[PDB]
Every structure is written in C-alpha cells, then in structure tokens.
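# Examining the three-dimensional arrangement
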Amino acid sequence: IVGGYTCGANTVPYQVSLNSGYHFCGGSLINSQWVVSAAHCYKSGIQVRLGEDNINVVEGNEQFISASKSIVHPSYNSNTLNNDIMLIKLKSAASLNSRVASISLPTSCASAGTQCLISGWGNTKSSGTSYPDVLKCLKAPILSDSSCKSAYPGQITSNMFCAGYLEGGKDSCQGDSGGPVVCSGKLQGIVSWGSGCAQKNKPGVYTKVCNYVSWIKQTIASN
Ligand SMILES: N=C(N)c1ccc(CNC(=O)[C@@H]2CCN2C(=O)[C@H](NCC(=O)O)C2CCCCC2)cc1
Ligand SMILES: [Ca+2]
C-alpha cells in the first residue's frame, strides 16, 4: 500500500496472509473454512495466516491453517488477468472471534464514487522497495468505467473495475495481491493488477466480485 496508513492491530479481521515460507499474497476470509484470493496468487503448499498484524512477530492472535484445496476460476486468463479469482479451502475451520472474522459477499455491484477500504502488506514505495511488517490501509473510491478504460485502452473487461486516484500518490502495490477491497461492509473487489504503483493516470485494477457470487456459492457448497 502506497500513501496509506497503519490500520492498527486486528482492525481488519477478515484480512489473511498467504504464506509459503514468507508472505506472498493477501486474501479474505468469507466463512470459517474458505478464503477468496486472486488467481495470479496461485501456488502449491500454502499456509493461511489469520489474525495477523505484524507478519514477522507472533503477537498471540494468529491462527495458522494449511490449505486443503485451491480452485482457480475456470475461465482465468493469465495473460490479461480476466477472471482473476481463486478459492482456498482450509484443512480445518478457523475459530471466529473479534480478531478473526469473515466478510460478506455483495448482493449487487457498487456504484462509482463509493468509498472502499483496501489493505495489505505490500510495497509502500511508488518508486522503490520497502515492505512493511504491519498491515497498511487505504481509503479509495471506485472510479467511473470511462476513467478506468481511458487509462487502459482495450484491457478492461466487465469483470474488472478501477479504484484509487488518477493524481497518483495512493494505490495498492505488489504484495497486496489477492487482498480485499471492502465498500459498504461488502467484499467488492480483489487486488489484481495495474501499471507500476501510485503513478499518475494509472489507477489500480480490481476483480469485480459481484459477478462471481453465484460461482463462489455453488463451488463452496460442492467442495
Ligand atoms: N494497484 C496497483 N498499482 C497494483 C496492485 C497490485 C499489483 C500486482 N499484480 C501484478 O503484478 C499482476 C501479475 C502481473 N499483473 C500485473 O499487474 C501486470 N502489470 C505489472 C506492472 O505494470 O507493474 C498486468 C499488466 C496488464 C495486463 C496483465 C498483466 C500491481 C499493481
Ligand atoms: Ca504476527
């Protein structure tokens, strides 16, 4: 997260860290046994870390659970990042409490102008490299489709939406991948892609979760 602020220990209870010996992507807990992340985060040998704040220090509220199975969206395209969504099932149910909670799926897609909260442990430099150990947060609005498409001609599909600031300075970045974009108490997006980080006229692109609610519900009910 570039140009954001420290969330504060466990203020974003649904945030998860995907770990393969180190943090490599974020994710969202949707219920006690399932995590939603981005397809481009796909990897074998994943441990899901819940109740995390400082990822390098055991503070006492963590739950480390291995993934039993991963399901990448059937139509995921690794070249364009269309349908960048993946589901991860935990080997055992996580204990839900104040510091570890699930986020609700959307009943509809949010409108442009809606303010959202994006969070992650990714890079904090627009031109450089500096990774934080505590969770970072950023409030950002969903941009109009025109602004989004003007920025990335011929690359935006109906399964994507832009969020952030066209002036730059504030944006998600590498390391935040798979993380949540919550607006009005619902999971509206997943940190997917962009051009560099926090660059002028290059806003962040996110997976539009509202289009996948049916797939999510049917898939988890059958696995
Ligand atoms: N909001 C942001 N600024 C932002 C947030 C998270 C990320 C991390 N995600 C990635 O790196 C994923 C896998 C490759 N892809 C990219 O972002 C690529 N650009 C890479 C680039 O131009 O930096 C995109 C460019 C557009 C065609 C698909 C590949 C990148 C940017
Ligand atoms: Ca910790």
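Its PDB header names X-ray crystallography as the technique used to obtain the model and reports a resolution of 1.90 Å.

## Comments concerning the coordination of the calcium ion (ligand 2)
For a metal bound by four donors in tetrahedral geometry, the ideal donor-metal-donor angle is 109.5 degrees, whereas six donors in octahedral geometry ideally sit at 90 or 180 degrees. The calcium ion (ligand 2) binds to the protein through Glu52 (OE), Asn54 (O), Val57 (O) and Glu62 (OE), with metal-donor distances spanning 2.2 to 2.5 Å. Read in sequence order, the donor residues coordinating the calcium ion (ligand 2) give the pattern E-x1-N-x2-V-x4-E. Judged by its relative accessible area of 5%, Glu52 is buried.

## Details of the domain arrangement of the protein
In many reports, interface size means the accessible area that the parts give up when they come together. Per the domain assignment, the segments making up the protein are domain 1 (1–12 + 103–210) and domain 2 (13–102 + 211–223). Taking only C-alpha atoms into account, the centre of domain 1 sits 18 Å from that of domain 2. Where domain 1 abuts domain 2, roughly 2,900 Å² becomes buried across the two surfaces, and 55% of that area is made up of carbon and sulfur atoms. On the domain 1 side of the interface with domain 2, the three residues burying the most area are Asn10, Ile103 and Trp121, jointly 25% of the side's total. Taken together, the links from domain 1 to domain 2 amount to zero salt bridges.

## As for the packing of aromatic side chains
Scanning the entire structure with this criterion turns up two aromatic pairs. Here the guanidinium or amino end of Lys43 rests over the ring plane of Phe24, the centre of that ring lying 3.8 Å away.

Here is what the cut-offs are and how they apply
- Residues numbered from 1 in each chain as written, not as in the entry; some residues may be left out.
- Chains lettered and ligands numbered in written order.
- Heavy atoms only, no water.
- Donors = N, O, S within 2.8 Å, 3.2 Å for Na, K, Ca; no water.
- Buried < 20%, exposed > 50% of the residue type's maximum accessible area, 1.4 Å probe, protein only.
- Domains from an automatic or database assignment.
- Buried area = accessible area lost by both parts, 1.4 Å probe.
- Salt bridge = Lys/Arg side-chain N within 4 Å of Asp/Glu carboxyl O.
- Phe/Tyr/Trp six-rings, centres within 6.5 Å; stacked < 30°, edge-to-face > 60°.
- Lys NZ or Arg CZ within 6 Å of the ring centre and 35° of its normal.

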